Amino acid sequence: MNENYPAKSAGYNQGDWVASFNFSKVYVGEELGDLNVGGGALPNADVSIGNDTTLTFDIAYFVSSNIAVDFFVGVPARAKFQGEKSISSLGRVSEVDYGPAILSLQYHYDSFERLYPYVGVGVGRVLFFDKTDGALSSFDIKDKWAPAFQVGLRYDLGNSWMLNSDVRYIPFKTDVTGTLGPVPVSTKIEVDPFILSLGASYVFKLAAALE
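As summarised from the PDB record, the model derives from solid-state NMR.

As recorded in the PDB entry, the protein chain goes by the name Outer membrane protein AlkL, listed as coming from Pseudomonas oleovorans. As deposited in the PDB, this entry carries the title "Solid-state NMR structure of outer membrane protein AlkL in DMPC lipid bilayers". As stated in UniProt under Function, the record for the protein chain gives "Could be involved in the transport of substrates." UniProt lists a comment for the protein chain under the heading Subcellular location, and it reads "Cell outer membrane".

Shown next as structure tokens:
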């Protein structure tokens, strides 16, 4: 008739592992930034990216009930984007693979507004695969790396299916160079890329049992 010694509860414990899978929408590409050129003139170029479906996978590690860690990663295929004056019009300027590598932790913070989202921060490195960039003879692009900040919320809506939504911000400038034979052209462009992650996640508890 009476109740005693209830069942154990396990929802969040230090060392928890939850896979958060969501689509990351990158937003960058305003206009190239040429410093100088042998030609003498100082024209302006234009970059463009192809609109297509894309997904991203990140690993969230629950260590504390106040904060946690998340690592954004993805193995996208080879994509071709524009980035020039006359070459842009053609449609074939640069083509390579995407190597999005970001790792930051999420933490809560005081708030007054309705929604009480969380803010994170860490190291966000963006690299690519040397395939065929630039309108020149197999041109390469100098990747970049720097600290980024995350902003969003994470909850569990439904059974065996959680939800996650945040955004990654980190303004930086990429470089471009490479040439087979003659002297390559070292260029640089400063832009503020905006990544939007939206999808679901899945919580999981370690298998190894401790005393």
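Attention now goes to the overall build of the protein chain. A tally of regular secondary structure across the protein chain gives 1 helix and 13 strands. Its helices and strands taken in sequence order, the protein chain reads β-β-β-β-β-α-β-β-β-β-β-β-β-β from the N to the C terminus. Rg of the C-alpha trace for the protein chain: 22 Å, well past the compact-globule value of 17 Å for 211 residues, more than 25% over. Based on the C-alpha atoms only, the size of the protein chain along its principal axes is roughly 90 × 40 × 30 Å. Within the span of the protein chain, comprising 211 residues, buried residues form 27% of the whole. A separation of at least 24 residues holds for 63% of the contacts in the protein chain among residues at least 6 apart in sequence. Per element, the accessible surface of the protein chain, about 15,000 Å² overall, is 61% carbon and sulfur.

Within the secondary structure layout, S24 lies in strand β1 (residues 16-27). Looking at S24, its side chain comes within polar contact range of the side chain of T56, at 2.6 Å. Ignoring anything within four residues of it in the chain, the contact list for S24 reads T54, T56, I195, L196 and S197.

To continue, consider the sheet that holds strand β11 (residues 172-177). Read from one edge to the other, the open sheet built from 3 strands follows the order β8-β11-β12, with strand pairing classed as antiparallel. Lying at the two open borders of the sheet, with one neighbouring strand each, are β8 (140-142) and β12 (187-191). With strand direction ignored, the average angle separating the axes of adjacent strands in the sheet is 25°. With 3 bridges joining them, β8 and β11 adopt antiparallel strand pairing. Each bridged residue has a counterpart across the sheet, and for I141 the counterpart in β11 is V176.

What follows covers the side chain of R168. Within the secondary structure layout, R168 lies in strand β10 (residues 162-169). Despite its burial, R168 pairs with no opposite charge, the nearest such side chain being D166 at 8.5 Å. Among the polar contacts made by the side chain of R168, one reaches the main-chain carbonyl oxygen of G124 at a distance of 3.4 Å. Once residues lying within four places of it in the same chain are set aside, the contact partners of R168 are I102, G124, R125, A148, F149, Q150, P193, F194 and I195.

Empty space left among the atoms is revealed by rolling a probe the size of a water molecule over them. As a volume, the second largest pocket reaches approximately 580 Å³. Lining the second largest pocket are 28 residues; nearest its centre among them are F62, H108, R154, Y155 and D156. Elements with a contribution of two residues or more to the lining of the second largest pocket: β1, β4 (67-73), β6 (94-107), β9 (144-155) and β13 (194-204). For the lining of the second largest pocket, the per-class residue count stands at 16 nonpolar, 9 polar and 3 charged.

Okay, the pairing of β4 next. Pairing analysis gives 5 bridges linking strand β3 (residues 56-62) to β4, with the strands arranged antiparallel. When the sheet's bridge partners are listed, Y61 is paired in β4 with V69. In sequence, β3 turns back onto β4 through a hairpin of 4 residues. Bridge count between β4 and β6: 7 bridges; the pairing is antiparallel. When the bridges of β6 are listed, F72 appears paired with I102.

Calculation rules
- As a convention, residue numbering begins from 1 on each chain and follows the written sequence, not necessarily the numbering found in the entry; residues with no coordinates do not appear.
- Values shown for side chains rest on all heavy atoms present in the structure; no hydrogens or waters enter the calculation.
- UniProt positions are given in the numbering used here, feature names are shortened, and annotations may be inferred rather than shown by experiment.
- Where helices and strands are cited, they refer to DSSP runs of H or I of at least four residues and of E of at least two residues respectively, numbered from the N terminus.
- Computation of the radius of gyration draws on C-alpha atoms, with the globule rule given as 2.2 Å multiplied by the number of residues to the power 0.38.
- Each residue is placed in one exposure class: buried if its accessible area under a 1.4 Å probe, protein chains only, is under 20% of its type's maximum, exposed if it is over 50%, and partly exposed if it falls in between.
- Should any heavy atoms of two residues lie within 4.5 Å, those residues are counted as being in contact.
- Surface accessibility in these figures is a Shrake-Rupley result with a 1.4 Å probe; residues are shielded only by whichever protein chains are displayed.
- Distance and chemistry together define a polar contact, namely a pair of N or O atoms within 3.5 Å, with one atom able to donate a hydrogen and the other to accept it when in protein, and with adjacent residues in sequence counting only for side-chain atoms on both sides.
- Strands are labelled as partners when DSSP assigns at least two bridges between them.
- In this analysis, axes come from line fits to C-alpha atoms, helices being fitted only over the stretch in contact, and the angle between any two N-to-C directions falls in the range 0 to 180 degrees.
- The charge count treats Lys and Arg as positive and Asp and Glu as negative. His and the chain ends do not count.
- The salt bridge definition used is simple: a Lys or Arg side-chain nitrogen within 4 Å of an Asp or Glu carboxyl oxygen.
- Cavities and pockets were defined on a 1 Å grid built over protein atoms only: a cavity is a set of grid points that admits a 1.4 Å probe from which the probe cannot escape, a pocket is an open set flanked by protein on both sides within 12 Å along at least five of seven lines, and lining residues are those with an atom within 4 Å of any such point.
- Grid points are joined across faces, edges and corners, and a volume is the space filled by probe spheres set on the points.
- Residue classes follow a fixed rule: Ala, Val, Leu, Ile, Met, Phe, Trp, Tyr, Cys and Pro count as nonpolar, while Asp, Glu, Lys and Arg count as charged, and any other residue, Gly among them, counts as polar.

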